[PDB]
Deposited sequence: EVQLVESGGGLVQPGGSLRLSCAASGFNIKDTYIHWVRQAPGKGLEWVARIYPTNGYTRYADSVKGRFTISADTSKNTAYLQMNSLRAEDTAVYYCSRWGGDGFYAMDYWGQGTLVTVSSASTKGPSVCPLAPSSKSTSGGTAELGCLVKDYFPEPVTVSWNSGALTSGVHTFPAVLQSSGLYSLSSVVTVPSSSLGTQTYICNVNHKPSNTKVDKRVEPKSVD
């Protein structure tokens, strides 16, 4: 039936440029209006632009005028958003959608969305710090702090992936600085402290960073 597939999202820096595509199948974009709508992380929906591919006529929100161009190619049944002069505030999931057709000005079909992140932060590997802990004959918590990296993601393992029970790697905080930090914890036997070797292996591919820290009590 009707489908809208988008592509072209990415990480870009302020002032940069990106192009999104919205490929329609199961109907003809000539019959209707195509729209872009965005959703910032944790926020609501904001309309960006619209085009009637039959005649090329466009409308924009003021927040993007002179920056973004909406266009269509009917022979490819595809609409585009040329995003120039990108700002941090443009960071969002970008959806295309269509009007029903005729008077039907509700948006009855939406694509799956494509993430666009705009940030002036530059790649930085994390610094990794062991977190040291005690209930005798009970359990203790140890961990690693993975501080000040960019961009996502990092992977953490313990003992090169041998140690799995009791491991919990937490989702990162995005700091006001624009950098991420996260932590990984393991709950271990108190009786094992000072004797068992515990090593966290932190991997940040964008910085080509591979760090192993031994955690002592």
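S.K.: Map the modelled residues onto the deposited sequence and report the uncovered stretches in sequence order.
M.R.: Sequence ranges with no C-alpha atoms are 134-136, 221-224.
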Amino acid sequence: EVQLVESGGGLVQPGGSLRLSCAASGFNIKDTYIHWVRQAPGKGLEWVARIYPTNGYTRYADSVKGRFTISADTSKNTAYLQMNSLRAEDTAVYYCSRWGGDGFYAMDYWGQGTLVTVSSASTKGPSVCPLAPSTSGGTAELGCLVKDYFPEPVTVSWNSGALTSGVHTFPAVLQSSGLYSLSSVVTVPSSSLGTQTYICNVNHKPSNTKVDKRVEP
From here on, numbers count along this sequence of modelled residues.
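S.K.: Using the B-factors recorded in the PDB entry, average over the C-alpha atoms of 75-83 and of 101-109, then report which stretch comes out higher.
M.R.: Mean C-alpha B-factor is greater for 101-109.
S.K.: Select lowest, middle or highest to describe the third in which the CA B-factor of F27 falls within its chain in this entry.
M.R.: Its C-alpha B-factor belongs to the middle third of this chain's values.
S.K.: Give the position of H168 by CA B-factor within its chain, expressed as the lowest, middle or highest third.
M.R.: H168: CA B-factor falls in the middle third of its chain.
S.K.: Thinking about Cα B factors across the chain, which third does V154 belong to?
M.R.: Its C-alpha B-factor belongs to the highest third of this chain's values.
S.K.: Splitting the chain's C-alpha B-factors into thirds, which one does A121 fall into?
M.R.: Its C-alpha B-factor belongs to the middle third of this chain's values.
S.K.: Please say which third, lowest, middle or highest, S192 falls into when its CA temperature factor is compared across its chain.
M.R.: It belongs to the middle third of the chain when residues are ordered by C-alpha B-factor.
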